[PDB]
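# need a 3D model of the following:
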Amino acid sequence: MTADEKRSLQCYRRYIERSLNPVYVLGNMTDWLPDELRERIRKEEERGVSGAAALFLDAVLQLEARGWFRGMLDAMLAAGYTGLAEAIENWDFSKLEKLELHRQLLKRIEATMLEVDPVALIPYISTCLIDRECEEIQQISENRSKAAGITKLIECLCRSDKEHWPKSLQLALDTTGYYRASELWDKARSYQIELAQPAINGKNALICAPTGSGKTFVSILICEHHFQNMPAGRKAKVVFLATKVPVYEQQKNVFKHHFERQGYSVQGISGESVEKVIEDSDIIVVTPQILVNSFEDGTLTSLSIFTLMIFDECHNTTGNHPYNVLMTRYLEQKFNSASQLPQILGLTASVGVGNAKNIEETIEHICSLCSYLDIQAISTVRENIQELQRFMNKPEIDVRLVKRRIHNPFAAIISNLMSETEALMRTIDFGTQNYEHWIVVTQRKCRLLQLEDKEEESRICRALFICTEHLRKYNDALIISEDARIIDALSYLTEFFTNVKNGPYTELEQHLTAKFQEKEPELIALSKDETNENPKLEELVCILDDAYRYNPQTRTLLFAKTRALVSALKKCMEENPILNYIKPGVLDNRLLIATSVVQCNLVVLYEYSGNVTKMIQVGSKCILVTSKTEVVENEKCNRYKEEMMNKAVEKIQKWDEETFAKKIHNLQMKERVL
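Residues are numbered from 1 along each chain as shown. Sure, structure below:
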């Protein structure tokens with residue numbers, strides 16, 4: 001067909017003129033396009049590639065020489081447009097159509113990508129782009145500017161005729177570690193045996209052992225003692241309930257991997273028929289809300305299916321949380337039927353202390369929790385503390401209050417710019433990891449929108465991102481300001497706008513940049529003050545210096561608040577006469593500076609709001625440098641509570657079965673009556 005092919009090609013005009021750049025294909029159209037045209041197409045490309053495409057298509061459609069069509073394909077194939085080649089050759093554009101949503105996305109997220117290093121991206125993105133586009137980006141990136149590059153890269157990705165790309169750009173972003181944009185894109189030890197003992201005896205257990213001691217393993221130990229001793233013709237079944245979905249999957253794969261080989265069936269149900277899955281499996285790793293749904297929903301009305309329910313992070317069993325929903329049903333089947341209930345095993349790092357003030361009030365709280373899970377024993381390492389304490393060395397914490405800036409005008413000036421920006425954002429609590437997270441949430445709310453009038457939709461979303469990316473940059477700059485030097489604050493922002501200018505530079509972006517430029521010369525004048533000194537930083541430098549003298553063979557790990565900081569602090573440690581004998585590293589070196597998560601010997605958290613104990617564990621020594629009375633008098637609280645809990649648990653444990661049973665049973669009867 002000759003004339004079918006032409007009209008067909010007109011019928012998919014848009015799919016072609018929103019990707020092909022004719023210039024890359026005129027080489028091998030030399031037989032069918034005359035000289036003048038070829039040039040004329042090139043000149044139009046300089047004005048608009050979409051245009052050039054349209055024209056080339058315009059000119060080919062009124063062509064008529066032997067076999068231009070095949071020649072067009074054979075040139076497209078050469079050029080690399082293997083997408084288009086297939087899509088016009090089988091007259092199926094479904095694949096290219098699917099892309100128009102990922103294109104529509106990148107353009108909306110663009111502001112996010114400003115500072116992404118396109119040279120670093122290219123090798124992973126390379127199949128998505130054409131020969132010569134890769135070298136154009138490379139050129140713009142080097143010769144002109146780096147933002148200017150990334151802008152031309154995302155320019156090319158949108159014209160990519162490769163269903164394969166969005167997937168590649170995710171992998172691309174992930175490899176080079178742009179983890180914000182990427183995310184936006186889309187046999188046993190003694191103490192272990194001791195922990196297991198009361199569950200192996202068939203008692204309802206609440207293992208309260210610390211994170212790291214390997215509770216999950218103690219559960220698998222309980223699990224295979226459970227199968228091994230199951231009597232009669234009753235077949236055993238197990239559920240491992242896990243709250244958060246990441247924990248769920250680790251566990252699924254762990255239980256899969258351990259037990260499958262021994263002969264069992266280990267499937268894992270989750271948010272992504274329950275009847276069969278539970279019935280065709282011996283072990284079932286699961287999110288609790290599924291059961292709770294499929295119970296009410298009607299799929300299941302009998303909890304006797306199982307012989308053992310293992311609750312991970314079991315302290316959550318209160319009020320509306322699903323475990324409790326599950327358990328209230330369990331507790332009826334005890335009370336109403338007295339048929340055959342599964343064994344309960346709870347797992348947790350801590351059994352809380354509620355709103356307790358006393359050890360008595362703590363006991364009463366722990367006992368309440370136990371009532372909800374129908375616990376008969378609270379299992380903890382006792383005849384083996386020696387060993388546990390070896391395996392993990394819960395390190396002594398030098399809490400150190402440091403003084404802070406008596407006056408911080410830099411903070412004032414930015415804070416107020418954020419306030420003006422937020423203001424303007426609407427029309428379309430600063431300097432905190434809380435804020436940053438707010439931005440991460442707000443940004444997935446724009447990635448969603450997708451609401452109605454798409455032209456006004458894609459102007460409004462574009463706009464939102466730009467604001468939030470600027471709010472982010474300000475937010476960070478405060479955090480540089482507070483924990484590090486004031487110059488490092490401003491420097492950071494300077495580089496930012498310097499790029500903003502080199503990128504797209506939307507009307508809005510210009511406004512925002514301007515609005516900052518209005519305030520810059522103040523900020524510059526503050527950067528100057530040769531008096532300037534962050535008394536926080538000065539104390540860190542002191543602790544560091546003092547650390548390297550009582551033992552000058554000391555490998556220190558320094559945790560800063562943000563990435564912005566790590567780089568900033570490195571400068572400060574580099575430029576200090578006191579730490580002149582020290583060159584710091586990041587992620588030879590006896591001072592590596594990391595951010596919130598290597599061999600060590602003195603760990604130092606430089607500001608950290610939110611508990612330390614758990615951050616350290618994701619050889620002995622640790623210093624928390626805080627400038628807030630809050631933290632100092634707060635971790636002092638957590639210690640008291642931790643000790644109160646333990647005394648209370650030690651106390652309960654020393655009751656006799658009888659007494660504890662009755663307390664738990666009485667507690668349950670109180671609840672039925674209310």
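# what's the longest helix in this structure?
helix 454-483 (DSSP state H).
# what's the first helix or strand after it?
Remark: after helix 454-483, the chain's next helix or strand is helix 486-502, criterion DSSP states H and E.
# the longest helix of the chain vs helix 486-502, what angle?
Interaxial angle, helix 454-483 versus helix 486-502 (axes from the mean of the first three to the mean of the last three CA atoms, to 10 degrees): 160 degrees.
# and residue 239, how far from residue 598?
38 Å (CB to CB, to the nearest Å). C-beta coordinates here come from the backbone N, C-alpha and C atoms, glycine included.
# tell me which of these two has more neighbours.
residue 239 (23 against 9; other CB atoms under 10 Å).
# tell me the bridge partners for the more buried one.
residue 284, residue 309 (DSSP bridges).
# contacts only, for it.
Counting by CB atoms under 8 Å, 6 or more residues apart in numbering, residue 239 touches 283-286, 291, 306, 308-310, 342.
# check residue 232 too.
If you count contacts by CB under 8 Å, 6+ apart, residue 232 has none.
# that one: what secondary structure?
coil (DSSP: H, G, I helix; E, B strand; the rest coil).
# helices and strands around the helix or strand where residue 293 lies, which ones?
Following DSSP H and E, the helix or strand that holds residue 293 is helix 288-296. With contacts taken as 3 or more CB pairs under 8 Å, 6 or more residues apart in numbering; DSSP states H and E, helix 288-296 sits against strand 238-241, helix 274-279, helix 322-332.
# what's it in contact with?
239, 241, 243, 269-271, 274, 300-301, 322-323, 325-326, 329.
# repeat that for 6 Å
Residues from elsewhere that reach helix 288-296 (CB atoms under 6 Å, 6 or more residues apart in numbering): 241, 269, 274, 300, 322-323, 325-326.
# cool, stretch 187-207 as well?
Contact partners of stretch 187-207, identified using CB under 6 Å, 6+ apart, comprise 209, 215, 218, 221-222, 225, 344-347, 374-379, 381, 383-384, 387-388.
# quick one, strands of this structure?
Per DSSP state E, the chain carries strands over the ranges 205-208, 238-241, 266-269, 283-286, 308-311, 343-348, 377-379, 398-401, 556-560, 585-586, 591-595, 602-606, 622-626.
# could you export those as JSON lines, including distance to residue 360?
Listed next are the strands of the chain as JSON lines, based on distance: least, CB to CB, whole Å:
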{"stretch": "strand 205-208", "distance to residue 360": "19"}
{"stretch": "strand 238-241", "distance to residue 360": "31"}
{"stretch": "strand 266-269", "distance to residue 360": "42"}
{"stretch": "strand 283-286", "distance to residue 360": "37"}
{"stretch": "strand 308-311", "distance to residue 360": "26"}
{"stretch": "strand 343-348", "distance to residue 360": "21"}
{"stretch": "strand 377-379", "distance to residue 360": "16"}
{"stretch": "strand 398-401", "distance to residue 360": "29"}
{"stretch": "strand 556-560", "distance to residue 360": "38"}
{"stretch": "strand 585-586", "distance to residue 360": "50"}
{"stretch": "strand 591-595", "distance to residue 360": "42"}
{"stretch": "strand 602-606", "distance to residue 360": "35"}
{"stretch": "strand 622-626", "distance to residue 360": "31"}
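# just flag the most distant two among the contacts of residue 239.
With CB to CB as the measure, no two of the contacts of residue 239 lie farther apart than 285 and 342, at 15.5 Å.
# what about these two, which has more around it?
residue 285 (27 against 21).
# okay, now the domains of this protein?
Domain segmentation of the chain under curated CATH domains yields 1-93, 94-186, 187-392+640-674, 393-407+533-639, 408-532.
# now do the end-to-end distance for the last one.
Using CA to CA, to the nearest Å, the end-to-end distance of domain 408-532 comes out at 10 Å.
# next: the third one.
From the first residue to the last, domain 187-392+640-674 extends over 47 Å; the measure is CA to CA.
# with the first one instead?
For domain 1-93, the separation between the terminal residues is 19 Å (CA to CA).
# check stretch 393-413 too.
End-to-end distance (CA to CA), stretch 393-413: 45 Å.
# coming back round to it: and residue 482, which of the helices and strands packed on helix 288-296 is closest to it?
Among the helices and strands packed on helix 288-296, helix 322-332 comes nearest to residue 482, with 40.1 Å by CB to CB.
# what is that closest one packed up against?
Applying 3 or more CB pairs under 6 Å, 6 or more residues apart in numbering; DSSP states H and E, we find helix 322-332 packed against helix 288-296.
# show me what counts as buried in the helix it packs on.
Burial within helix 288-296, assessed by neighbour count using 16 or more other CB atoms under 10 Å, is assigned to 288-295.
# residue 424: which of those is nearest?
Sorting those by distance to residue 424 puts residue 289 at the head of the list, at 39.8 Å, by CB to CB.
# save the buried residues of helix 288-296 as a markdown table, and put in distance to residue 446 too.
Shown next, in a markdown table, are the buried residues of helix 288-296 (distance: CB to CB, whole Å):
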| residue | distance to residue 446 |
| --- | --- |
| 288 | 32 |
| 289 | 28 |
| 290 | 30 |
| 291 | 35 |
| 292 | 32 |
| 293 | 30 |
| 294 | 34 |
| 295 | 37 |
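# of the contacts of residue 239, which is the most crowded?
With neighbours defined as other CB under 10 Å, the most crowded of the contacts of residue 239 is residue 310; it has 31 neighbours.
# contacting residues around that residue?
Listed by CB under 6 Å, 6+ apart, the contact set of residue 310 reads 219, 240, 345.
# what pairs with the last one across the strands?
Meaning residue 345. Note on residue 345: beta-bridge partners residue 205, residue 310, judged by DSSP bridges.
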